[PDB]
């Protein structure tokens, strides 16, 4: 049942809405640039955690990239 790598980045401030602008585009910028599966969960349970899953270095790279540079 699936065999990909995943990982979430801890977030707080309104990074989601800011990352997905009004509708959402940045999500594609990475997912397409790093060939990964980045997703912005529209929730706020104490601590936010953006979903990031792929396979190659693109997932671990784009993961550390967003958490660090965050575009």
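Heads up, the Cβs are rebuilt from the backbone with ideal geometry, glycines too, and the neighbour counts pull from every protein chain shown. Every number here is computed from the coordinates shown, using simple stated rules; none is lab data.
So the values come out like this:
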| item | result |
| --- | --- |
| Ratio of the Cα radius of gyration of the chain to 2.2 N^0.38 Å, where N counts its residues | 1.04 |
| The chain: angle of helix 57-68 to the longest principal axis, Cα-based, in degrees nearest 10 | 20 degrees |
| Exposure proxy ranking, count of Cβ atoms within 10 Å, fewest first, for 14, 35 | 14, 35 |
| Relative contact order (%) - criterion: Cα under 8 Å, at least six apart; region: the chain | 40 percent |
